[PDB]
Structures are given as C-alpha cells and as structure tokens.
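Residue numbers (our numbering), protein chains in the order written: chain A, 22 to 56; chain B, 2 to 52; chain C, 111 to 510; chain D, 11 to 108; chain E, -16 to 24; chain F, 64 to 481; chain G, 2 to 22.
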Amino acid sequence: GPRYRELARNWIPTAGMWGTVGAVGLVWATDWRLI
Amino acid sequence: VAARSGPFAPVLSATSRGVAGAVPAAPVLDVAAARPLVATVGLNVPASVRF
Amino acid sequence: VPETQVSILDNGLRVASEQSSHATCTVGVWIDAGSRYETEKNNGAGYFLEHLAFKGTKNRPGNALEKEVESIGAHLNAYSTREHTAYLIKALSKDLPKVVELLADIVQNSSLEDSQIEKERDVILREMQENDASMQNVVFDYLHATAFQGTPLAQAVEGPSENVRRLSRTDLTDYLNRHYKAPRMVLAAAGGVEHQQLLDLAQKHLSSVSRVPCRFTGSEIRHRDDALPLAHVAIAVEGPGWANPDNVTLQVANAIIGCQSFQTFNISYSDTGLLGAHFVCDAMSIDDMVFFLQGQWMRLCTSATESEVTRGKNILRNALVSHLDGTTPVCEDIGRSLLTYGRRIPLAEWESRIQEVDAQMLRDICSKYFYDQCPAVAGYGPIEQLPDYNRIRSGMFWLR
Amino acid sequence: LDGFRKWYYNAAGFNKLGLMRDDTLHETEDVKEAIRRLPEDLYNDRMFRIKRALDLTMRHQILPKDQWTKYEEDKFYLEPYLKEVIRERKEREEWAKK
Amino acid sequence: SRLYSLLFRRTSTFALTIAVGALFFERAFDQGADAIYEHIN
Amino acid sequence: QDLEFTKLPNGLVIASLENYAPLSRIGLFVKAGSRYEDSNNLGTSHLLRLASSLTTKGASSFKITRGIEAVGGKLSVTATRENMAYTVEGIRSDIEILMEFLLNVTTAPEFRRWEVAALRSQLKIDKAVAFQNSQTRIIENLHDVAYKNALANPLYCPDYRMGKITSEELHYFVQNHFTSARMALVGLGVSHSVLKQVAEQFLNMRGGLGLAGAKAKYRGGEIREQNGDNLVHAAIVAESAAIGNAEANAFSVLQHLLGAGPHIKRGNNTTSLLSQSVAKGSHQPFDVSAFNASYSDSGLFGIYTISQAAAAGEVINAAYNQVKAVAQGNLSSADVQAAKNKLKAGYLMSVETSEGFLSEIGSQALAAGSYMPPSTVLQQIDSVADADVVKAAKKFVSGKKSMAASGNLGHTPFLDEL
Amino acid sequence: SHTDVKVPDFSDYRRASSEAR
C-alpha cells in the first residue's frame, strides 16, 4: 500500500548505506583484488 | 446542571471521554437464624460464629 | 475571527483585547516575572506575593478586595509559573470599570500586612509539607532540577521551605518593586469588552506602574521510595523555545504520540524548554514503557507517515484556543502571547504553520531534537527496574 | 456433488471420533480469537469433544457407527464467529495501508 | 562538529566510516609498522 | 442566529446555531439517566456510558475510533441521574462523518457479548478513579439515603453488579429509553437543515415515548462511612423544588446567598453567610458551601461541610444555625442583590463556552422543549425576591433531612442532635 | 518536600559543543 511504500522509500536509503558498509567489509575481508 | 449546582456540578456528571495519583491497581475462602452474634476463634480449633 | 488589537501606554504597559460576543469578560494582568528571575535568596517571593496579593491593599484593607470582587460576582484568579505571573478576573463585561480598578490595586498600591505575611507563610509552608502528595508535580519539578542544574530554571516556583520561612516584607517589596515594571506588563481582555473603553480605563488606572545563560544538562535524578503504589517517570530533551518556529512541527510530533497515563509535554521557556513524556506505571513495567516510548520517538525520526502526520495535524488543529473556548482561555492566550511573542498570533497563521508541516520536515525536526540526544530523567516511586542512564541513552538511537 | 461431499466426509474420518468440522481447524490467531468469543456451552462441548477424540486416538479406537457425526448434522458453529474475526482483521489491515 | 553530524551520528554511517577506515587502516598500519620493524633489524 | 429550535413530528427536538465557528459541536441528549433503572438492572447506564466506542450497525469499534481520531475530533459522554448526552466536535469539513458515527452510536448499537465482557474491567477501573475523592462518594451516599427508588440509584455501577451486566440488559435499556420523543439533537456551528436530514436517516426510526420512570420518593435518613480520612465530609440536605418552578430560582438565590464556591483564589469567601458563621467560631481549616441539585420531579437542597474531625460537630451546627437565621428573616436586601448578581454571572459564564452552550440548549430542549434566551432568565432570576429566598430556607430547615457523612466520625453529630 | 535541596554540584566532573562532544 501507500504507507508501506513511504516506509520503504524512507528506509531503502538507509539500507543502501548498510549494504555499502558490507561491500567494503566483504571486499576488504575477502581481499578480492578485482575490487 | 449549569446554574443550579455550579461548583457541585462535577460530582453529578460522569464524563467518560470515550475515544480521545492514577488508580492504584484497584478473597476466596473455604466454606437461617436469629440471635446476637458471638465470634469465636481458637488456637487450633477453626474459628466460627454462632450468631 | 476578530483581530487582537494592541496599544501601548506611557508606562509601557500594553493593553491587549480581543472582543467577542460572549457576555462576560476575563480581564487579566500578566507580568514577565517568575522563579527564573529569582536569585536563590528570594526563591519563593513570587509565590508568597501571589498569596498576599488578595489580602488587602490600602484602598481595600482586610477582606475588602475579596468582598467587592465577590459582590460584583467575579471569580478572580491568579497563578505563577517559572516565567510568568497572572492575576485575572472573570466578570460580567459591564463591570470592567471595577474589574480594572481592582486589578490596578493588585499590581500597585498593594499592601503586604506583616500580620498576613505571617499566616501566608504558614499556609505555604504547610501546603508544601503536603505538596509532596502531588507526585506528578514532584516529578516535574525535578525533571526541571536535574535538567537545568546550576541555573535559575532548576529552582521551583514555590521555593524551598527554607526561604519560605525566611522572608520579609522588604524582600517581598523588592521583588514587587523590581519585577513589576510597566514595560513587562500586559493588560489583556477577552470577551464582551470594547478596546477604546479598556484603553481609557488603563490610562485612568494602571498608568502609574513604574518604568524601570539557561542551559539544559543531560542528567538523572532518582527518588526511590518503594512504599508508593505507582511510579512516575518523566524523560525530556531540550525544547526549542517559545519563539522557535519548529515548535509547531514538534507539537504535531506530540500529536502522533498523544503503559499508563503516557502523556506528552512541550514546555517552553525563553529560548529553552523540555520536550518529552511522563508516564506512571507499576514498577514491574517501567522498563517496558521506557523502551516503547523510545521506539516511538524513533519511529517519527525515521519512519513517519503522511497519514499519521495528518492525524497529528488535525488534533493540533482542534487544540488551538478560541472564542469558543471562552474568555479566560482566550485572555490567558492574549497575556502569554504579548509576554512571549510580543504579539498575538492569530489562528489563521497557526493554521498556515500547521498545513506547511509535512512528514519529511517532521522527521527532520524530530531527528534534530530527539535523535542521539542526552535526556533528563526523573523517577519517583518503585523505580528499581527503571533503567539507568546508559540504557536510556542507548535507546535514544537505533543501530539500524 | 452433494453425495460426493458426503463420501469425502466419510473418507476424512473426523466424524468417527465424534468431532465437528470446526473442531478440526488449526488454531491460528484468528481461530483463537473466534474460539474466545464463543458462548460458554459451545466452548465446553468443543473442549469435551476434543478431549474425547484425543482419548479415542490414545486407545486407537473410534466411536460406534451410531455415535458418529452425521455429515448433515455437523454444525459450523465457529464459522459465524470466525468470519467476523477475519473481517475485523482485514479491516484493520487495509486501514494500516491508508 | 561537522563530522559528527555527517558520518558519526547516523549509525549506518557510523558503520560506513568504521569499515572504510579499517579498510585503509590496514594499508597504513602494515606499511608504517613494517618500516619500523625493518629499521629495528 | 438564535437557536432555530424545532421539534420534528416524532418528538426529537432539533436545535442549531450557525456560529460560523471553526470548530463545531453536535450533541444528542436522551432522557436515559440512572434514575430509569430498577433493582434488577443497576449499573446498566454506567456500562452504556462507557460503551460508546463499541461496534455499531454501520461502523465497527476500530472504524469509529480510528475515524474520529483521524480527523482529530472528540466524542464524549456526559451523564447525570436524569440525562445522557453524547457529544462530538470537530472541524466543519469532517462533521458529516462525525454525525454518521454519533448517530450510529445512538441509534444502532450491537452490544456484542465479548465487547461488554472486556468492558466490565474498565467499568471497575472507572469507578475506582471516580471514587478516589471523598465528595463523589459522599454525594452518592447522600442520594442513596435521601431517596427511595428513582434518584437513589447510583451513577456508578455497584460492586456486585460488575460481571453480571449482560448484552440483553443494555439492549432492553436502549430499546426502552432511547426513543425519539425523549431525544434532542443540538448543533452549534452547523446548519439546521443537516441536523434534520440526519434526524430522518437516524433518530426517527425509534419513535415511542419509551418506558416511563417511577416518581422519586423521599425517605430521609443518614448514612455514615467511618474510613479514617484526615477530613470529615458531611452533607445534610432536605427535599426542595423541582425543575420548572420559581421556587427552584429561590433555592438557587438561596445557595448563592449562603455561599456557592470561592470567587477569589485563596480567598476566605468572606461574604458566604455560612463561611462567616463558621469562621467567627472555628480557627481550623474548613470548607462550607450550599448544595443544590434539582431534577424534573424533585430537588435536594442543603449544606456541605469539610472540616477537621474534631471540630466537625459545632462547625456543622454553626452552618445549620446560619440557615436557621435565614429562616427567621435575618437577611439584608443588598446580600440578596449580591446573590442574584453572583447567580446571573455564574449562568452567563456557564453559557459563555461552546460546550456549555451546547449542553444548556440541550438540557432546555429535553426539559421544556423550548429555548430560553439568556436574557429571559436574567429577568426571571430577578423575579425571585427576598421573601421567596426566606421561604425556600424554611423548607430546608423543616423538611426531613438526609445526611451523608464520611471520615473519623467520633465527633460528628446525628440528625436528632443536629 | 521535593524543593528543600538543589542538585548537588558536579563542577569537578562537568566539562566546560554537543555535536563535537
């Protein structure tokens, strides 16, 4: 519905940030040179 | 109750607001006639009333 | 809605009025004088003068004051806060002539009979001995002490029993002669009054009135007394102020929030304030509530919804005070508006400031004032399961 | 279709334990709310029927054929009460989306 | 003060700054540390 | 815009005032107070008052609660021993659905048994919160000892009746007292027309006169409650005039002569003959006032005292003696003029607010079917004259009294001693 | 009552900004 849409739009930016952290974390940990 | 009671009004008018110190959380016992009551209690003997 | 017309007299006293078709009127005097202007040597001077102000003036020795204002059929009234003092009379409009002259005596020419002074001292003291029964007031006068430690905003309106006992006519006279200046005074009238007649009466009487860093400290006070049946807990952060525009977006936030007796408050003083929640619960559930509260504040900070904002804007819309609410409510608003804003904000401007509020600026302002802020906590009762400051401070933010 | 529904009712086998159809519903949140709204006599009969079915399953027995629950006789008592629970449940849900 | 309001106040960003910093810290620490060890021996 | 009071044919008394207010208010007034119960359905009106947010035929409890809170409106129920009033208020753009909700609540309840079973605990909580202060308990006790059948019924549900009130009792009470001839729909800030249209879509179907209540009978007596409070509360009343007589105006002038609340904060309410007569002999803290509660068939007038237990006796005696002085003609015309001014100022300040204005119009509607302009009243109160006041007094000083006392009553006198 | 005493002094602890802190 509309409300949950507002919620998603409001948290997805935060979620993307979290994924970003994971990207750095995973890559740094995996030492994947491709990155 | 506007002109008749005035200050006493809120005593005669419940006003549950419905939608839209506090109450402080406001016994089962084990199981006629006419004569002056006489209570009895005993050290070991269960109590009783023989009215 | 009729406009509130403001004039200014020689003294500097302002004369504000908002005529309405209701028949009676509420004529009051506001004064910018409270416990914030006291310097810990006269901490109960305003309260004790508020007791002495109806016990007779030269012109009305003894019970004269109460008698006449009784005869006329007027329910006089008064009150004192940390920043403002009010003396107001509700009376039939036609009686303005005397509703105003009487008020003039109450602000100037007042007589503080030492005899009476003695009794009022006893009255205040004894009541205070029992004022402890008002747990909520206690909680709210510590939510003030621990939040404004070291400032004149920590001290209560009543003052400590100490000062109450140790007070004399001259001291009072000082507070009276110091904090009762004409430029810091508003004569407010609401209801069936004419502004020109009220201005002429203020020129005739009351034209004599003489013309002459608050800080919030994130802290905690815990008064543990396990014999009480219920616990009262207040948690607040620093309110924007009286003049700050964001106050309105914060009121909408309070309208979104609205265990037990979970009220919400936005107390405003001159560029400061306390914004938070007070709740009374059984000891065993204090923890849960404190958490629930937080989660909610946090909900608004990151997850508002236009629908709920609307719910909040509408409830706020039905709170605005107006002629319908009556004379006193309105006067009171006229006196506070002239003392704080310097003008009477009309209801159309309030409606414009309400309708400009949306969900994005509400969560922005809530993140500005609630998120990752150090709160002031005041608990009274069986408050052992009330969490300490690290758990509340950690609940003031989300990992996610 | 009516006769084939009677044949499937016999093949399901909860009538041999004396149960009704509404006794066999899995107690979700809505079903427990509908059970809580039942009157006392219907609730007591439902609990006795469930207890008797559990006892019969313990002894690996069934009722005699004259004591089984006739398809025609079975009464859908919880159904009326359940619909409401679902209706109310849905209403609250849509309102959430608002 | 800007940093707090930018990368240290939102927990998500707090994590971001931590992870990113750690990613580079290793480079710096190893490099600096190695310099020291070599100088010593 | 004078109230366009109009009585629809059925009996509903529609009244309205387009004050062009930002926030309107629409109330509906029913003669269904607690006096219409008997010994078999005591406390049913309390559960009916608390059952305003239940499921109706047209809107569920969730829909009613979320729809009233969605527009920020307010729905409240106020109840006396005679009358019930269901009031909604909100912005003019949402009062259509507010009237939908209010008229559904009044006209078509469902009274589901699980909902009332959940509501009985709230009934107990509401009764405890209401009896947290001594005045409420002593007035309920005073009515119970003063009347026999009708007005002796309590506003709050008795302790044994909690857990025993059923859906059928609520349905019977609604079907026997919520009829169109006992209802007035009053709207401030709305057009009269809409009130009528909502008065035909609703409020017109239940149109009997309903079940007539019994006439209230006076009994007299005294009920005492020793509970160890710090202050002794005591109310001593007698039978007085009813709604619709000039003797009721005389009794209102008599309570404003004797004292009907302080006008000054921290005042001693100097004038009150009672307060003066107590304060000339007793230096203890006290609070003495005059009590008047008049209903459409009977009234109670008397004195109300709060005092230290020890002085409780002579203070009560002093207050009683003051009324006896008024019964002997010992009064001045300036005092009666001041009492009239106090009464008329209290009436005008009671009707100055919007919800008080809506209640007044409402009450007048149910009571006399007519609206009495504030002005008219003023001249009628003026009609009351000195002798009239004296007369009402003698009625009190003679009529059998009813006394409700509570506190440490070791020095509280009895009626044969009083 | 609750006003007899004032919050004890924390001067030896208080630090003479929030964003930075």
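All C-beta atoms in this analysis are idealised placements derived from N, C-alpha and C, irrespective of residue type, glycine included.
Within the continuous alpha helix (DSSP H) that includes residue i, where are the two ends?
i: residue 59 of chain A; result: Outside the displayed span of chain A (22 to 56) sits residue 59 of chain A, for which this structure offers no information.
i: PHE389 of chain C; result: Here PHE389 of chain C belongs to no alpha helix (DSSP H); instead the beta strand (DSSP E) covers 382 to 391.
i: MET57 of chain D; result: 50 to 68
i: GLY15 of chain E; result: -6 to 23
i: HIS319 of chain F; result: 309 to 321
i: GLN385 of chain F; result: 375 to 390
Distance check for residue j and residue i, CA to CA, integer angstroms please.
i: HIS296 of chain F; j: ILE234 of chain C; result: 24 Å
i: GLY301 of chain C; j: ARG88 of chain F; result: 20 Å
i: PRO270 of chain C; j: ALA264 of chain C; result: 12 Å
i: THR149 of chain C; j: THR261 of chain C; result: 10 Å
i: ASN404 of chain F; j: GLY324 of chain F; result: 14 Å
i: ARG31 of chain D; j: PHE14 of chain D; result: 17 Å
i: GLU180 of chain C; j: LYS259 of chain F; result: 44 Å
i: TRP49 of chain A; j: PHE11 of chain G; result: 45 Å
i: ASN219 of chain C; j: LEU162 of chain C; result: 13 Å
i: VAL140 of chain F; j: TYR(-13) of chain E; result: 52 Å
i: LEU66 of chain D; j: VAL95 of chain D; result: 31 Å
i: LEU385 of chain C; j: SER108 of chain F; result: 40 Å
i: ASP55 of chain D; j: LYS227 of chain F; result: 23 Å
i: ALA402 of chain F; j: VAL440 of chain F; result: 15 Å
i: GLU348 of chain C; j: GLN361 of chain C; result: 14 Å
i: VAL253 of chain F; j: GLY153 of chain F; result: 11 Å
i: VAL45 of chain A; j: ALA458 of chain C; result: 52 Å
i: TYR197 of chain C; j: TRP140 of chain C; result: 7 Å
i: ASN332 of chain F; j: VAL192 of chain F; result: 29 Å
i: residue 490 of chain F; j: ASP205 of chain C; result: The displayed coordinates of chain F run from 64 to 481. Any statement about residue 490 of chain F would go beyond what the structure contains.
i: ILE227 of chain C; j: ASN471 of chain F; result: 33 Å
Whole-angstrom Cβ separation of residue i and residue j, contact assumed at under 8 Å?
i: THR195 of chain C; j: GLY156 of chain C; result: 6 Å
i: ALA341 of chain C; j: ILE396 of chain C; result: 6 Å
i: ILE444 of chain F; j: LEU406 of chain F; result: 6 Å
i: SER361 of chain F; j: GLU302 of chain F; result: 6 Å
i: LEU91 of chain F; j: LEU165 of chain F; result: 6 Å
i: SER221 of chain C; j: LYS168 of chain C; result: 5 Å
i: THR359 of chain C; j: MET471 of chain C; result: 6 Å
i: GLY383 of chain C; j: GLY351 of chain C; result: 6 Å
Over the uninterrupted beta strand (DSSP E) stretch that includes residue i, give me the two end residues.
i: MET238 of chain C; result: From DSSP, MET238 of chain C is part of no beta strand (DSSP E) but of the alpha helix (DSSP H) over 224 to 241.
i: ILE141 of chain C; result: 134 to 141
i: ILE331 of chain C; result: 330 to 334
i: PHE349 of chain F; result: 349 to 357
i: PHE92 of chain F; result: 86 to 93
i: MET147 of chain F; result: 147 to 154
i: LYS464 of chain F; result: 464 to 470
i: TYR379 of chain C; result: 373 to 379
Is residue i near the ligand PLP, in the sense that its beta carbon is under 7 Å from a heavy atom of that ligand?
i: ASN24 of chain E; result: The ligand content of the structure shown is nil, which means the ligand PLP is not present either.
- [ ] At 3 residues or longer, and completely inside the segment 393 to 447 of chain C: list those beta strand (DSSP E) runs for me, N to C.
- [x] Listed in chain order, nothing qualifies, since the segment 393 to 447 of chain C has no complete beta strand (DSSP E) run of 3 or more residues.
Open item on the list: Measuring CB atoms only, is the segment 200 to 219 of chain F touching the segment 4 to 23 of chain B, in the sense that at least three cross pairs come out at less than 8 Å?
Closed with: Segment contact: the segment 200 to 219 of chain F against the segment 4 to 23 of chain B, three or more CB-CB distances shorter than 8 Å; contact assigned.
TODO: Ignoring anything shorter than 3 residues or poking outside the segment 227 to 257 of chain F, list the beta strand (DSSP E) runs there in chain order.
DONE: Within the segment 227 to 257 of chain F, the complete beta strand (DSSP E) segments at least 3 residues long are 246 to 251, listed from N- to C-terminus.
Task: chain H contacts made by the segment 45 to 76 of chain D, where a contact means CB separation under 8 Å - done: No chain H is present in this structure, whose protein chains are A, B, C, D, E, F and G.
- [ ] Can you check the segment 162 to 228 of chain C for any beta strand (DSSP E) of at least 3 residues that lies completely inside it and give the ranges in chain order?
- [x] Within the segment 162 to 228 of chain C, the complete beta strand (DSSP E) runs of at least 3 residues fall at 185 to 190, 195 to 202.
Open item on the list: Within 8 Å, do at least three Cβ pairs link the segment 462 to 470 of chain F to the segment 203 to 222 of chain F?
Closed with: Touching, yes.
- [ ] Could you tell me whether the segment 258 to 275 of chain F touches the segment 334 to 347 of chain F, where touching means 3 or more Cβ pairs closer than 8 Å?
- [x] Too few Cβ pairs lie closer than 8 Å, so no.
TODO: Pair every Cβ in the segment 122 to 141 of chain F with every Cβ in the segment 30 to 37 of chain A, then say whether three or more of these pairs are closer than 8 Å.
DONE: Contact between the segment 122 to 141 of chain F and the segment 30 to 37 of chain A is absent, because fewer than three Cβ pairs lie under 8 Å.
- [ ] Tell me, please, whether the segment 182 to 193 of chain C touches the segment 279 to 292 of chain C by the rule of three or more beta-carbon pairs shorter than 8 Å.
- [x] Short answer: they don't touch.
TODO: Any chance you could list the alpha helix (DSSP H) runs of at least 4 consecutive residues sitting entirely within the segment 230 to 311 of chain C, in chain order?
DONE: Taking only runs of at least 4 residues, the alpha helix (DSSP H) segments lying wholly in the segment 230 to 311 of chain C are 245 to 252, 271 to 275, 279 to 289.
Task: Within the segment 110 to 150 of chain F, ranges of the alpha helix (DSSP H) (whole runs, at least 4 residues) - done: Taking 4 residues as the minimum length, the alpha helix (DSSP H) runs contained wholly in the segment 110 to 150 of chain F are 124 to 133, in order along the chain.
Task: the segment 229 to 245 of chain C contacting the segment 316 to 325 of chain C, beta-carbon criterion three pairs below 8 Å - done: No: the two stretches stay apart, fewer than three of their Cβ pairs being nearer than 8 Å.
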